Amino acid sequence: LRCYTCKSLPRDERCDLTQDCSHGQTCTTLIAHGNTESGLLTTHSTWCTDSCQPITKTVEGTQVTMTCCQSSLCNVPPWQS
């Protein structure tokens, strides 16, 4: 599997980075949405994880969404593909 491997990108920035995963690994996407001292900000992080488990949790006024993926270069935020 090939996943996009990017650290905290601004909402409207595309991940140009990739990584061939290890065995049993899936594509994960972590989206953080919430208020900053620069306004309401959306970030996205992507990587090869050993066991991905989907979750949506509001943590101290920050919506944190983790999603999971089995197809190559599929860890793209919903607002991009």
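Position 1 is the first residue in the sequence shown; the rest follow in order.
Of the two segments, 61-69 and 20-28, the one listed with the higher mean B-factor is 20-28 (C-alpha atoms only). Comparing the deposited coordinates for 47-55 and 32-40, the stretch with the larger average C-alpha B-factor is 47-55.
Compared with the other modelled residues of the chain, the Cα B-factor recorded for residue 80 ranks in the middle third. Ranked by Cα temperature factor within the chain, residue 74 sits in the highest third according to the deposited record.
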